[PDB]
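Letters A, B, C and D name the chains as they come in the text, with residue numbers starting at 1 for each one.
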């Protein structure tokens, strides 16, 4: 089996852990965070939005036991000190939010891990992967890889279809986004100095910047710099929606053609629906993106057309499913 | 003073009432709704999002007393039965949500009112007004008028500036919107059969249609049919944001030009800000629209440009302020 | 199989429907509500707090099809007009909220149903059942029965233990409750004239009355009138907690004795836990009540003692699970 | 004028600032927090639950300017290094949450301030004051004082009236409380290791412990140890309610007597209402406690009585109002 260690047992870390239970041939042997065992175990068992963990979870001294299997747990802020070498870690899932750079994440390799997959956009000389859009870029000699962002994974399969079938001139994106752990409960100073992430998360529409906007150019090179846009963080705890408004090379495009193009591209990463669903309907789903055809709009004024589409995503579970597929693929190549 | 009656003492009706207290020369002499006096008075005094009513509110039998002034109240579902004639009502503010058609609203006139201002887009042969964008269209012979929607009021002053200064080819709109009373508390059947407004309002991002998309053509005729878009209803109780993505006639447009063009057009209906505010910051505001310059984007790929802008609005108080200005102007004619 | 018709395909009706799929020998053959098929089918498939319906749901003209089985649907406000006779309905689950009286609910019997089970406290000459507290009261000659309320079901098994083991002098109850469909979205006039249920449901702590307070006397006659209390409706969409503060007949009672007395009484209707859970953790659970031992308090001043306990409950699924057990028992006697 | 410095420009610190503008003879000359000027100024102007600041706020380098008045600002985690001596600070309002101990708070004195008022319960050899209940205990020689907690301020005036008028045997408290800055946005490890405050704040009913429970004994000595209870943190951002269930020395008490006893005691710290208000209705209020007579209950079984009362409080502004009155009183004596 492929020996996985999770750095940062947060939202993405814990769900990665859950999802790996469902997936044969991957084994989490260790976790690292900044807290005690009791906490880690508790937060795995109980999950506000994602539901109770099915299996049995028990605290031991090593760490904790999940359906009989032991999981070593550590409490070490500095990744280079982790005993990855001694536990023959194959791949670290880096989920702390503090190693989002190729050079930083190199700490895990020095500790003894063979590969690192970052659960976010990351700066530096590395590949950025959305599963089922560009994982084929991986030859297996990669040492550090980025799994991109939630939004990127919701967007890439939609943009690919538009660019391939109609030609993408330009587009602007808005993502209507669940609030996350880096927002504040009450209006208060923000670590990164963001005056908007500083505000009460569950009481506000909060404009913010998005990675996706340009992480996208790294995933689909031929549309590099053709897309931009931002986020609106709103008071749902998980579940999100990406709206995309574009100018295409083909005019005389119909709503019917756009939808059919999307359906024909659907797979396990990219779902298709015609049901009038809402955000809570996508909580826990494992498509990386779910095209909602009921939201497709074409605006035609004389010669010229504007096209609008929207895709749903569980920014937690949709991203996690995608990240684990990338993990499994990256591991099968070496 | 100008004799006002409010039909439907709901969210817009009660705030209209409050706003009128701030504004000289308008007097609410009557309200009509579907409940008792105690309830009406209570819901005026206490307000979840808009805060406590400052003055004194006391229930009497006529209805209730507000800072000494009596307000007659009625419990009559059929508008034509209201004693408008006997109380010399000058203008009815129609806020029930059930008379949003010129012919229907005519009931108030038969009851004896001299004019009706509908607090929503309304079908039929009437003018649709966003104050400080097209109120000048009113000549004072109008009998039934629409005050448009809250989204239309957030959008009209933004669209006018783009169309005037840059030439508007086409655009798509998304409004990120507070939930309203015509949504359900828990997933349940919806009166109008909307499978999305049926869902838990405070637990969901809920896609929906918008009036504004095309009430806009009635307010700014020269851009009729050049705009469309929809809503996303989200778990805030009030405060909203209109995002607009457009293709303009001028290319080589800058973020700086767009912003300055908006600032130059600001007045009491159309505010301008460069502060990184969030929705709760606009709760209670009396601008009909607040342009947020931090959100302006310009996307340039070779020859061709996409422009994005965004304006805040308290769907409750921004619209109410705008409706009352329109009321006051309509009355002065 | 036992032929069930659900009147009022609301929160309790739809979940009753879902729960019945899990339970052998009960078959829902009809539903009645005030809307079209597309709506009924849609609201069964998708559920904000309770999650997606697992099976397949397809709209036909009769009504709709669930995992192949047809379900006739009706749009008829007046219960006596329903074709219960023609479909040989054995038991109607009455969930509309508008037939909470023995005489009113008799309409279903005139329509042709054999028994009616009301999903609330109901006035009149009928028995009030909390499953595993007093279902043994049923001899099978009953024609109209009440399934009590969700708070009654969370409280009854707790009060029975206290009264049996310690003797109950008197007590006061507070339930910290999820908001329900009879509260308003925004401050607005309320149908029943309740000035507090009129207020924005998800932005307020809202004091209110509770049925439980005295539905309890009908379930456990020997403590009739010994209990009272009210509700605080708060901004969670489901999941609730009953706090109970009592004077007992034994003094020198210990935390340890109270807890153990509860654990010893636990069954499928009454769960026991020592985990520091929160409301969302009980969403979807099928215990009618979940005793939380971490919340047990005993206050002793000289001779005299006050005792405090707390039980969780998903006001939706906990009540539904209980109602369906009562349905199944009532049908086995019939 | 009395020279005030606010240590910790958070929820209580900023509201203290606002409230001081309304109150003659107190002048804030400095603030300390852990962030830049732009942030401080921004969060004073804009307030999610409390509304926009009325006056003008402008950033300068000293710090910021409020209605023309300069306010120096600092970025210094260690209190003993603040230039309190050089700015002749009379009183520091200590609102960080990190100096809640008489010995720790002594750092401000070494820095040069003349007195410290801690905006929370604080350990060590000091007085704990709820204004209009026990501020008369201050003789002016005090150097470090505690302003108690929000719950204590909501509860003291209610318990004093019950104990003076009926004799308090014993009682249990439940506070249904707004969520605060020390809870998490999403389920995540908690600094203090509280498995409950670790959970999503705006999606949960969260049981927790309360200071009040026994800060109370320090404020009303003669009922020391006669009260206990806890909190339920719920998804409102501000506004709270304290429920109290008590056994009194007088039996044959009536609802009418209890209510009248409270009204007769009302002042600027203790309000009285018979309106069916909800939590949002007390947001911004400056009573330290508002007795709600609609919620008064008396439970009588034969000889023996249980009594229940409830008082509202804006855990932010009610506490702040109370804190400032104590500030003003403390300053007038020294």
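A few points about this structure:
Keep this in mind: contacts are C-beta pairs under 8 Å (C-beta built on N, C-alpha and C of every residue); 3 or more make two chains touch, one makes a residue touch a chain.
Interface comparison, B-D versus B-C: the higher count of C-beta contacts falls to B-C.
Our note on geometry: subunit A versus subunit B, Cα centroid distance of 38 Å, whole angstroms. Annotation for subunit C: residues 42, 46, 48-49, 195, 199-200, 202-204, 235, 276, 278, 280 touch two or more other chains. Screening every pair of chains for touch gives A-B, A-C, A-D, B-C, B-D, C-D. The touching residues of subunit C, counted against subunit B in their complex, run 9-11, 33-36, 38-40, 42-43, 46-49, 179-181, 183-190, 193, 195, 198-204, 235, 237. Partner subunit D is touched in their complex by these residues of subunit B: 42, 45-46, 48-49, 51-52, 275-278, 280-281, 283-284. Chain contact summary for the complex, subunit D toward subunit C: residues 169-172, 174, 176, 195-196, 199-200, 202-207, 225-226, 228-230, 232, 234-236, 239-241, 243, 245, 247, 276, 278-280, 292, 294-295, 297, 299-301, 304, 306, 308, 310.
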